[PDB]
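Starting off, we have a lone chain in the form deposited in one PDB entry, written out as structure tokens.
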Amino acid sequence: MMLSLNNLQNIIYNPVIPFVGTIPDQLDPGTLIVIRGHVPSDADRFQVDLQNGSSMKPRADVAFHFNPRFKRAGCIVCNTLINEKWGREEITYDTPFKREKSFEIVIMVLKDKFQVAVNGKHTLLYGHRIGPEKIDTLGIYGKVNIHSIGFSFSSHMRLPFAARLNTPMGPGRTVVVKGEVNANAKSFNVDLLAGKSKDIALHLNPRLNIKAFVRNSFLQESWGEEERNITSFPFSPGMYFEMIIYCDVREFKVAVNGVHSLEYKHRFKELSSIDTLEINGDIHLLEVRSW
């Protein structure tokens, strides 16, 4: 894995090790845990532990033991601790971790397993031995320096929604959003803005109360001329939808549920400067995909 969208919540910076912190939400499937740091020049071993509570006597059960160890070979040791007793070790060699090297660990929770990627490469999978609903604390021990920890939950898609685009906007770039208009929705908006110039390159504003689709750009602290022509208002309150914002060389092509909706001639000509996605309004956000 390698997150295309940066929308981590509850960002933690430079935590002191050992760090024992409460996971601010339940680890439901689709949940991501992102840990960034580096291995000190001495480091013999360190561990990331998803635990059920933080009692240390008796030692809290460790639902998921992620234990990178540095030795001749070099590996990542995984296990589970119930009633202070270790279960069967699952060991992965060809360790992505190395001394004096920085890393990004993405721990993804699946219905039946944890899937782990380190530095954009798949590293290992881990079957749940303890229900994940029982995990509420993150423990980090050993010789490792933590720069930042971040999370992505179900609420991670709560509104207002803001997210950075880890891949510059440019021709061929697609952005899709799936969601559902609320039953009594007035309107909602999806914007592509340029963080730098705090400009709104594309403002897609479906308004359900007036059955119209306002499209415009906000540049130089000002709204331009609106674009509302459309063969037919595609949105209806309470309706599930998927929207495709496709950036092309001269304009944006936007479709809803597999049917073309409109085109929008680029007003912000620095396509690459479009590094932000904002979603807000009267809808239920279900999914967002950059690429």
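When you see a residue number, it is the position in the sequence shown, counting from 1.
Per the entry, higher mean C-alpha B factor between 143-151 and 213-221: Mean CA B-factor is higher for 213-221.
Member of 187, 119, 166, 115 with the greatest C-alpha B factor (per the PDB record): Each of 187, 119, 166, 115 was compared by C-alpha B-factor; the highest is 166.
Options 34, 243, 249, 259 - largest CA temperature factor per the record: Top of the list by C-alpha B-factor: 249.
CA B-factor ranking of residue 70, expressed as a third of its chain: Within its chain, residue 70 is a highest-third residue by C-alpha B-factor, going by the deposited values.
Among modelled residues of the same chain, the CA temperature factor third for residue 30: Residue 30: CA B-factor falls in the middle third of its chain.
Within-chain third of residue 96 by Cα B-factor, per the entry: Lowest third, going by the recorded CA B-factors of the chain.
Ranked against its chain, the third holding the CA B-factor of residue 86: Within its chain, residue 86 is a highest-third residue by C-alpha B-factor, going by the deposited values.
B-factor third for the C-alpha atom of residue 207 within its chain: It falls in the bottom third of the chain.
We do not show the form deposited in another entry, though everything after this point is about it.
Pairwise C-alpha change, residue 110 versus residue 164, in the other form against this form - closer or farther, 3 angstroms or more: It is farther: in the other form, the C-alpha atoms of residue 110 and residue 164 lie at least 3 Å more apart than they do here.
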